[PDB]
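Note on naming: letters A, B, ... go to the chains in the order of the sequence lines (proteins, then strands), and numbering restarts at 1 for each one. No hydrogens, no waters, no symmetry mates; every other heavy atom, side chains included, goes into these values.
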Amino acid sequence: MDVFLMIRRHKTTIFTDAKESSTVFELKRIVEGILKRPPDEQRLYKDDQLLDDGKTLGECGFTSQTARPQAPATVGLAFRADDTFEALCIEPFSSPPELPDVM
Amino acid sequence: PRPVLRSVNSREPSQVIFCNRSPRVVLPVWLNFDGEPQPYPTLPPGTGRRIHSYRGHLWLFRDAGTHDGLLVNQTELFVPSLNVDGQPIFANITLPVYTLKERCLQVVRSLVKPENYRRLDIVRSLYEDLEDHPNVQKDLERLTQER
Amino acid sequence: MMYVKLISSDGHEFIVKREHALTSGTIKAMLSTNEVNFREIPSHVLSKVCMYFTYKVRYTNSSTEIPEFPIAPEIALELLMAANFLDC
Amino acid sequence: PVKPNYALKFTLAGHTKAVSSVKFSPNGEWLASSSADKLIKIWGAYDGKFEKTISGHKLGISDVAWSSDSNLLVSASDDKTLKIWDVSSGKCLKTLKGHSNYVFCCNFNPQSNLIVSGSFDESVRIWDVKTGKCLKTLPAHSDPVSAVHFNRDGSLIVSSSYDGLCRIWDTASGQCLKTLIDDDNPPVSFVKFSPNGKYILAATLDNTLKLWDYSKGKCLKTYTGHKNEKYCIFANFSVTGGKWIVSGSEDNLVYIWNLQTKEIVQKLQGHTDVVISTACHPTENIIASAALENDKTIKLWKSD
């Protein structure tokens, strides 16, 4: 299987994919590539559940039926530095207008 | 001569399965001997059917509601071949990867009555772009330059 | 593997692989520096356009059954305009 | 005569759609016409004086034929049925239900106690005329049947089919005695026994007609020069004057060959569409020709 993810933090959002058979440590080595912050310094969450570095992506509830390319599952990102712990904050996207009366 | 997109009358039969791997009500369209599109009965989504056709004949498949182009075995045109080991030929009807533009036009078309296209707060260009509904004829030129 | 930053009007940054983004010629040009600003395109729309890219690159030339790409009515017109501009 | 001089005499435009078949009655007093307009029309065989309209068939009519005695008429309709009609009344005596798809050709046996039908459904059927009961269902061909004809005495039946096969059937057993094979398998669009009964005449969609001795299985003659590549075009033995072969064509002409030399002796000009059906009068030097949608007319011609 494959899983399609939005890894979000504040007004940042990373589009990326991985295998259901991937550890959440693997997902942080990807993020380490892009943001240049190693996995010890990262805390990934499914909504509001911290994810254990050893668990598989499918373990946590990331299926190919829930994390498709056209509608990927969201993954919360907060950082950490020694004994100081940045809080998970995901800025919501813009809103659409009201559907025009013709629709 | 005769049109380039037409069925060859080989008169030798081919058993085939119209396998609907699409979320749309597929319309199986047969290109007769004189190159003219002839409609067949409709396949609900997921459904499949064993049908009688002939080697050399020409088929394509569309959304029946909206004449949106569908794929079959990853290409647009189906040509049955001689069955081997009494195995029917498999015609797998999928969606294509529609351009985001095209998929959006589809959704807007599906959402708005043609009379109101122009009451939509968008570019002028998009009005005719919308109103240019998908059609077999309106594509047949493309495929002709391909074959 | 090469990434790019697509920044919405409301200032959301989106990091997609170079490839997935080059699905738009409009964006190919805007790059031809690893970042692109969109005055007209708000986050809610530029989020879906990045989803569309991942989708396009996955299911293009795949023997697999291909799924419908979904568009809520609420965002259809804006995404449409965005599609037209980006030419994808 | 060395060549006939057939000359147009009347045009009959009663039909609203393509005309499928024309047949002179065996006595030679009437012509009967069938058309996609779901109608049979009767006319006098000399003056073209419209007699009456026969109606009933629910879809296009493909052929019609006369009983030995000229009081009964059967029709092969697309409506999947055949219908036996009294001429004098124009009432439907019997509807003949059995075929699974369109009926194309129909004929009586010489004794006029039987009818033979050919169908799209690939089957040849035989029918009791007094009852309307279907006595047999020969599983003749791989594709549809273009023509079925009874030989001189009713003993034999010949069938043509798009599978490119001519077959000789014992009327009694329903079993096939001989099956004529060709180098290719050109679709056989028409077939008929000679007036003697020792040869059959077969039209193939390769722009060719052939006179076969079926007993010998030898090809005696070949007739060419006309266009027949799509439609199933009736042919005839003309015997009231010289020995002619008469066929329609897809170049809207009626072609006439010298049976023996195989040389074209006449092409009759007039029709605006393919001439599907021709008919030769039993007694006098007279032809009827009929054409499809872009014509919709019957034309009668006379000679010396």
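Partners of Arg6(B) by salt bridge (charged side-chain N to carboxylate O under 4.0 Å, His left out), not counting sequence neighbours: none found. Remark: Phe33(B) pairs with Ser7(B), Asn9(B), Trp30(B), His57(B) by the side chain to side chain contact (heavy atoms under 4.5 Å, CB included) rule, at least two apart or across chains. For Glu284(D), the salt bridge (charged side-chain N to carboxylate O under 4.0 Å, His left out) test picks out no residue, with sequence neighbours left out. For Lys23(D), the salt bridge (charged side-chain N to carboxylate O under 4.0 Å, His left out) test picks out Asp63(D), with sequence neighbours left out. Contacts of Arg50(B) classified as salt bridge (charged side-chain N to carboxylate O under 4.0 Å, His left out), with partners at least two apart in sequence or in another chain: none.
For the atom pair OG1 (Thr297(D)) and CZ (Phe10(D)), the distance works out to 14.0 Å, reported to the nearest 0.5 Å. The CG atom of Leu58(B) sits 11.0 Å away from the CG atom of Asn32(B) when rounded to the nearest 0.5 Å. Rounding to the nearest 0.5 Å places CG of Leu71(B) at 11.0 Å from CG of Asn92(B). The CG atom of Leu12(D) lies 4.5 Å from the CD1 atom of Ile298(D); values are rounded to the nearest 0.5 Å. Atom CG of residue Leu114(D) and atom NZ of residue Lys136(D) lie 9.0 Å apart, to the nearest 0.5 angstrom. For the atom pair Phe18(B) CZ and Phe78(B) CZ, the distance stands at 6.5 Å (nearest 0.5 Å).
Classified by interplanar angle (parallel below 30°, tilted 30° to 60°, perpendicular above 60°), the ring pair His271(D)/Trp301(D) is perpendicular. Ring geometry for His149(D) against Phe193(D) counts as tilted: the plane angle lies between 30° and 60°, on a 0 to 90° scale. The aromatic rings of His99(D) and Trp127(D) lie tilted to each other, with the angle between the two planes from 30° to 60°.
Between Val84(B) and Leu82(B) the shortest side-chain heavy-atom distance does not fall below 4.5 Å.
At distances below 3.5 Å, not a single donor-acceptor pair connects side-chain atoms of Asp163(D) with backbone N or O atoms of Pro144(D). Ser112(D) places a side-chain N or O within 3.5 Å of a backbone atom of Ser68(D) that can act as its donor or acceptor partner. Side chain of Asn101(D) to main chain of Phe120(D): no donor-acceptor pair is present (N/O by atom type, distance under 3.5 Å, no hydrogens or angles). Between the side chain of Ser160(D) and the backbone N or O of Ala147(D) there is at least one donor-acceptor pair closer than 3.5 Å. A donor-acceptor pair under 3.5 Å links the side-chain atoms of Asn252(D) to the main chain of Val274(D), judged by distance alone. With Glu250(D) contributing its side chain and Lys230(D) its backbone, the two residues share a donor-acceptor pair below 3.5 Å. In this structure, the side chain of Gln266(D) engages the main chain of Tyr6(D) through a donor-acceptor pair within 3.5 Å. Under the 3.5 Å distance criterion, the side-chain polar atoms of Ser21(D) are left unmatched by any main-chain donor or acceptor of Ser34(D). At least one donor-acceptor pair closer than 3.5 Å links the side chain of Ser62(D) to the backbone N or O of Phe104(D). Formation of a donor-acceptor pair under 3.5 Å by the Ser303(D) side chain with backbone atoms of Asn5(D) is found in this model.
Side-chain contact check for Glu229(D) and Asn207(D): at least one donor-acceptor pair (N or O, by modelled atom type) lies under 3.5 Å. Side-chain contact check for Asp139(B) and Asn135(B): no donor-acceptor pair (N or O, by modelled atom type) lies under 3.5 Å. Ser75(D) and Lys83(D) form no side-chain donor-acceptor contact under 3.5 Å, judged by distance and modelled atom types alone. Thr240(D) and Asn285(D) are linked by a side-chain donor-acceptor pair at a separation below 3.5 angstrom, with hydrogens and angles left out of the test. A donor atom on one side chain and an acceptor atom on the other are not found under 3.5 Å apart for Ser70(D) and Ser25(D).
Closest of all the heavy-atom pairs between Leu43(B) and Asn20(B) is O-ND2, 3.1 Å. Smallest separation of non-hydrogen atoms from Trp66(D) and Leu31(D): CZ2-C, 4.3 Å. Closest approach of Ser117(D) to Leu82(D), counting heavy atoms only: CB-CD1, 3.5 Å. Between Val145(D) and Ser159(D), the shortest heavy-atom contact is CG1-CB, 4.4 Å. The nearest pair of heavy atoms linking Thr224(D) to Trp257(D) is O-NE1, 3.0 Å. Nearest heavy atoms, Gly35(B) versus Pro37(B): O-CD, 3.7 Å.
Residue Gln269(D) places its CD atom among 12 or fewer non-hydrogen atoms of other residues, nucleotides or ligands, all under 6.0 Å distant.
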### Message
The test is ring pair (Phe, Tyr, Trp, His ring centres under 6.0 Å); show your working for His281(D) and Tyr46(D) and say whether it passes.
### Response
CA-CA 10 Å; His281(D) 196 94; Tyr46(D) 313 104; 5.2 Å; yes
### Query
Going through the distances and angles, do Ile256(D) and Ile287(D) end up as a side-chain contact (heavy atoms from CB on, under 4.5 Å)?
CA-CA 11 Å; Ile256(D) 305 187; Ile287(D) 292 158; 3.6 Å; yes
### Task
Please test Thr272(D) against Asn294(D) for side chain to side chain donor-acceptor pair (under 3.5 Å), starting from the C-alpha separation and ending with a verdict.
CA-CA 6 Å; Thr272(D) 54; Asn294(D) 307 157; over 6 Å; no
### Query
What's the verdict on side-chain contact (heavy atoms from CB on, under 4.5 Å) for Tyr223(D) and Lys262(D), showing C-alpha distance, side-chain angles and the deciding distance?
CA-CA 6 Å; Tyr223(D) 308 92; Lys262(D) 311 181 290 137; 4.1 Å; yes
### Task
Kindly determine whether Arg125(D) and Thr137(D) satisfy side chain to side chain donor-acceptor pair (under 3.5 Å), including the steps that lead there.
CA-CA 5 Å; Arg125(D) 286 189 201 249; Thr137(D) 306; 3.0 Å; yes
### Message
Does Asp86(D) form a salt bridge (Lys or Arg N to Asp or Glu O under 4.0 Å) with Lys94(D)? I'd like the steps, not just the answer.
### Response
CA-CA 10 Å; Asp86(D) 180 37; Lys94(D) 292 274 147 55; over 6 Å; no
### Task
Decide side chain to side chain donor-acceptor pair (under 3.5 Å) for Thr222(D) and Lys210(D); before the verdict, give the C-alpha distance in whole Å, the side-chain angles of both, and the deciding distance to 0.1 Å.
CA-CA 5 Å; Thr222(D) 335; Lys210(D) 272 151 170 297; 4.8 Å; no
### Task
Give the intermediate values and the outcome of ring pair (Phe, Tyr, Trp, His ring centres under 6.0 Å) for residues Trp59(B) and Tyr40(B).
CA-CA 10 Å; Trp59(B) 289 95; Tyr40(B) 273 71; 4.9 Å; yes
### Query
Should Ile115(D) and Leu96(D) be marked as a side-chain contact (heavy atoms from CB on, under 4.5 Å) after you check the CA-CA gap, both sets of side-chain angles, and the distance that decides it?
CA-CA 10 Å; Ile115(D) 288 150; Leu96(D) 274 53; 4.2 Å; yes
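Of the options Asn151(D), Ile168(D), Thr171(D), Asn107(D), a side chain to side chain contact (heavy atoms under 4.5 Å, CB included) to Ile157(D) is made by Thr171(D) and by none of the others.
The salt bridge (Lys or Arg N to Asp or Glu O under 4.0 Å) contacts involving residues 101-118 of chain D comprise nothing, where partners must be two or more places apart or lie in separate chains.
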